[PDB]
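# Residue-level structural notes
Chain by chain, the residues run as shown.
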Amino acid sequence: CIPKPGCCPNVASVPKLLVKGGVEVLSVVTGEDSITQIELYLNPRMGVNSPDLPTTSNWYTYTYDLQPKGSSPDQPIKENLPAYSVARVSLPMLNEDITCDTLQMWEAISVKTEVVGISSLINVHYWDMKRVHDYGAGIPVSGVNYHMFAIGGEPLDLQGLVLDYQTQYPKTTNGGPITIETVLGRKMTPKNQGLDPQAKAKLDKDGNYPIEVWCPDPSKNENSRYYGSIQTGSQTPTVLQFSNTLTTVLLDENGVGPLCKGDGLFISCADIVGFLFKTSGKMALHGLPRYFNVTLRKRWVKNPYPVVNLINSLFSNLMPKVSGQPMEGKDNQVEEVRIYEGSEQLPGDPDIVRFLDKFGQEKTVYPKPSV
Amino acid sequence: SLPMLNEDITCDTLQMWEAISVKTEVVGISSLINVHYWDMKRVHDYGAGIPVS
Ligand SMILES: [Ca+2]
């Protein structure tokens, strides 16, 4: 049975849609040629990081009043330290063909993102906004801007750089920001005003890595694609555009995107929109969330680490350790180690010494007077 | 704890222990006819105790 091709009109071939729903849907088993899109969002984290707090949630997506202290040193509080936002999406397991030593992982192709809530900035009538002049309207949200987002299969690799090492950031006490002092274990040295390779940290928590001190390390982030922007000014205007047609491609120069290690999609973003000028003259930053529509596909890969080496490397650590006399390292208790293979004609010197050159070829040592 | 079993990685299969049938019984049921325990409440005067119920 089949319909008449002439009697029946033809239509286009759009990609077939299997399912549309929430997070509980990713569990669906899909073929090797399937494609996944995830629409999600991240609220900003700028010191006031929770609306559930009964006392101080009036300033969610805001900071407390920013002021220079006036006397060294500086002691800023967490509520004045806006930090990056981050989240992880757990992806389902996939097949593997151990016979060919190849498995398959998720990769990201494209992300469709846009800053949400831009329309809310035209509110020039917040009851405490500083009038630009007498009998006038409010000073629109403007000034400093910082925008970045990062997509990768690993947590984003960061770099530490602070405008002044004299500042003393709050200590990490089971909560609170994490600063270079927390990573190194020492007070910040004036090297940190420049680039210090010692000051590096993976982005592991939300709202705990302030933007003032951390910046994306360009060296290590090879498995992540991050984009940035900034403008600094007293009351310079903020400009933003938005649409749902602009998409961004994440493939590299070699044709691969970020590979989700641990079947986890790592996302990080941060968007400052400007100041909130108050009648008191006091000032405070502000932010607003970000929209993400990451597209994912299935890519086959070859296991780089052969399983056998992992097995022994695993149980050895699990097996009870053995604290014997040192047999490796600086104080090894080993004197000679010889290695034989095959038969050769008898050489003259029985005290001969041979080794392998830096190029892997066989070499015979010519004896020399040891000083 | 049951012992380990064989496996076949090439065919991606292995062995697992399957419980197919179980025979059960309650032990000590006969012990319930003891109506003579030195502190059992008599069912009536000059009578016997109240069986476990
Ligand atoms: Ca590198």
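Residues numbered from 1 in each chain as written, not as in the entry; some residues may be left out. Chains lettered and ligands numbered in written order. Part of a larger assembly, values for the part shown. Heavy atoms only, no water. Residues with missing side-chain atoms left out of burial classes, pairs and counts.

The deposited coordinates, according to the entry record, derive from X-ray crystallography at 3.52 Å resolution.

### What to know about the overall build of chain A
Within chain A, the secondary structure is distributed over two helices and 17 strands. Relative to its length of 371 residues, chain A is extended, with a C-alpha radius of gyration of 30 Å against a globular reference of 21 Å. Along the three orthogonal principal directions, the C-alpha set of chain A runs to about 105 × 85 × 40 Å. (Helix = DSSP H or I, 4+ residues; strand = E, 2+ residues; numbered from the N terminus. Rg over C-alpha atoms; globule rule 2.2 N^0.38 Å.)

### Structural notes on the pairing of strand β15 (residues 290–302) of chain A
Residue and element names in this part refer to chain A. For strand β1 (residues 35–42) and β15, the ladder comprises eight bridges, and the chain directions are antiparallel. Its bridge partner lying in β15, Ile38 is registered against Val294. With seven bridges joining them, strand β4 (residues 102–108) and β15 adopt antiparallel strand pairing. Of the residues in β15, the one forming a bridge with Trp106 is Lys298. As paired elements, strand β6 (residues 114–115) and β15 share two bridges and run antiparallel to each other. Of the residues in β15, the one forming a bridge with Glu114 is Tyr291. (Pairing = 2+ DSSP bridges.)

### Describing the sheet that holds strand β9 (residues 200–202) of chain A
Residues and elements named next belong to chain A. One open sheet accounts for three strands, arranged β9-β8-β10; its pairing is antiparallel. Both outer strands of the open sheet, β9 and β10 (214–216), are each paired with one neighbouring strand and no more. Averaged over all neighbouring strand pairs, the angle between strand axes comes to 40°, with direction disregarded. Inspection of the sheet shows strand β8 (residues 157–160) paired to β10 by three bridges, in the antiparallel sense. If you follow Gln159 over to β10, its bridge partner there is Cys215. (Axes fitted to C-alpha atoms, helices over the stretch in contact; angles between N-to-C directions.)

### A short note on the UniProt feature "binding site: Ca(2+) 2" (unreviewed entry) in chain A
Residue and element names in this part refer to chain A. Within the UniProt annotation, "binding site: Ca(2+) 2" (unreviewed entry) is assigned to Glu39, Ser219, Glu222 and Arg338. These annotated residues cover 300 residues of sequence, and their C-alpha atoms reach 62.0 Å apart at the extremes, leaving them scattered rather than at a single site. Relative to the helices and strands, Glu222 is located in the loop between β10 and β11 (224–231). Within the fold, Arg338 resides in the loop between α2 (307–318) and β16 (354–356). Within the local environment of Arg338, its side chain forms a polar contact with the side chain of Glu336, the two groups lying 3.1 Å apart. (UniProt positions renumbered as here; feature names shortened; annotations may be inferred. Polar contact = N/O pair within 3.5 Å; in protein donor to acceptor, adjacent residues only side chain to side chain.)

### Some points on empty space enclosed by the protein
All names here are of chain A. Here the largest cavity is characterised by a volume of approximately 50 Å³. Lining the largest cavity we find 13 residues, and of these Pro44, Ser85, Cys269, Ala270 and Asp271 sit closest to its centre. Of all the elements, strand β13 (residues 264–275) adds the most residues to the lining of the largest cavity, at three residues. Partitioned by chemical class, the residues of the lining of the largest cavity number eight nonpolar, two polar and three charged. Each pocket or cavity is described by its volume, and for the second largest cavity that value is around 30 Å³. Lining the second largest cavity, in full, are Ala150, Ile151, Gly152, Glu154, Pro155, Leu156, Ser224, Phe266 and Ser268. At the level of secondary structure, the elements contributing two or more residues to the lining of the second largest cavity comprise β7 (145–152) and β13. (1 Å grid on protein atoms, 1.4 Å probe; cavity = no way out; pocket = protein on both sides within 12 Å on 5 of 7 lines; lining within 4 Å. Points joined across faces, edges and corners; volume = space filled by probe spheres on them. Nonpolar A, V, L, I, M, F, W, Y, C, P; charged D, E, K, R; others polar.)

### Some thoughts on the environment of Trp38(B)
Here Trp38(B) shows up in the segment after β2 (13–14). When the C-alpha atoms of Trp38(B) and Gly49(B) are compared, they prove to be 9.1 Å apart, with 11 residues separating the residues in sequence.

### A short note on the packing of aromatic side chains
Residues and elements named next belong to chain A. Applying the stated rule across the entire model yields eight aromatic pairs over all chains. Ring geometry for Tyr126 against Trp127: centres 5.7 Å apart, planes inclined by 45°, an arrangement best described as tilted. You can call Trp127 exposed: its relative accessible area is 72%. Arranged with centres 5.9 Å apart and planes meeting at 45°, the rings of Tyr209 and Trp214 form a pair that is tilted. With respect to burial, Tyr209 and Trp214 carry one shared label: buried. Ring-pair connections join several aromatic residues into one group, and the members of that group are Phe149, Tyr227 and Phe292. In this arrangement the basic side chain of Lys278 is found over the ring face of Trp59, its NZ or CZ atom lying 4.2 Å from the centre. (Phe/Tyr/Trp six-rings, centres within 6.5 Å; stacked < 30°, edge-to-face > 60°. Buried < 20%, exposed > 50% of the residue type's maximum accessible area, 1.4 Å probe, protein only. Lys NZ or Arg CZ within 6 Å of the ring centre and 35° of its normal.)

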